[PDB]
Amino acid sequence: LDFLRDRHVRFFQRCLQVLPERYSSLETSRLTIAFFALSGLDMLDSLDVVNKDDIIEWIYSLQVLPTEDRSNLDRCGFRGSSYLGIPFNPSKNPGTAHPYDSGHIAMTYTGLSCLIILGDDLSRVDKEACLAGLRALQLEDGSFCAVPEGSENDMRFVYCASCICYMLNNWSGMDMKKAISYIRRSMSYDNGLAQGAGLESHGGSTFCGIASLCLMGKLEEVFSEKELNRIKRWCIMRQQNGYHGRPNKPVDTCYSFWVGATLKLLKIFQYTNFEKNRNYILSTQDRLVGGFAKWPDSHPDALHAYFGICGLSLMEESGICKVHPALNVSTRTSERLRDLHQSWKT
């Protein structure tokens, strides 16, 4: 019915506190759950209800710093959590060598992203080490892996790489030419972007692709006007009321951001139907515990709560900050990041 702002604020507060053993599968990616919650509070202008200082220390304890002999540069970045059992060290002393300890691209991304949201200035971030680690993750085809030990590679990680380079304001972290090639090669016959060449185009990968190009500032350069028109068509066809991620699939709240943000970057979100979208998103709101679910009368989670709110933000919901569609942080945060970049250039 209406936006239960306070309820959602408590929801995110709880997420930062303690989770039931039934969310153990998120252990190695707790940092992204932190992001969903922090960025979600930021989006609701409630970052005051948390101790920015404690959380900043926690995040820094997750950074994989290079060792004395700088022999582990290709493995630096951030961890999803402390699951490896390394002694709590908030980026103070050097690096305590460990056979299997290394960063995860999605954690380096959400980590830096969280630090900026909390006001930190990234002075304790070994920028060169992170960039070195990033480079190590890129494959011949231009895409990226999540960890140096090996993993699947797709558009999700291309977006992570792009965000990292953007925030550290240094693109030496990737071979941009090859990344762009990968993004082009992922365009389907139906004109959407897929996780990789030949695969079914999808709302999530289309967002990752388009947002990556925007972050590099090369959308126009990479896709022709005819091409962009075709992509726009594929994207806007995703709205049913709310948005689905693929043709002939039921809608899901989070696509209101994935696809909506893409439409925004392509400058035609304004031509979508706001009311039906807003109504759907709200219909998935959990009026009892707060947060949003993928479908109405479904269990809520951090991911849908955050993206449902960002989806609402795209339409300027009363009480929600404007979201930076490509960086996935509040404009306030994106602005603060600009100030930060300026200060460095001295």
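All residue numbers refer to positions in the sequence shown, first residue = 1.
The PDB entry records a higher mean C-alpha B factor for 121-129 than for its counterpart among 121-129 and 196-204. Looking at mean Cα B-factors across 84-92 and 247-255, the upper value is held by 84-92. Across the residues 260, 209, 111, 217, the deposited record lists the maximum Cα B factor for 217. Per the deposited record, 177 carries the highest C-alpha B-factor of all listed residues (233, 177, 104, 156).
The PDB entry assigns residue 66 a C-alpha temperature factor belonging to the highest third of its chain's modelled residues. Among the modelled residues of its chain, residue 277 has a C-alpha B-factor that falls in the middle third, as given in the PDB entry.
When the CA B factors of the chain's modelled residues are split into thirds, the value for residue 39 lands in the lowest one.
The deposited CA B-factor of residue 284 belongs to the middle third of values across its chain. Sorting the modelled residues of the chain by their CA temperature factor places residue 189 in the lowest third.
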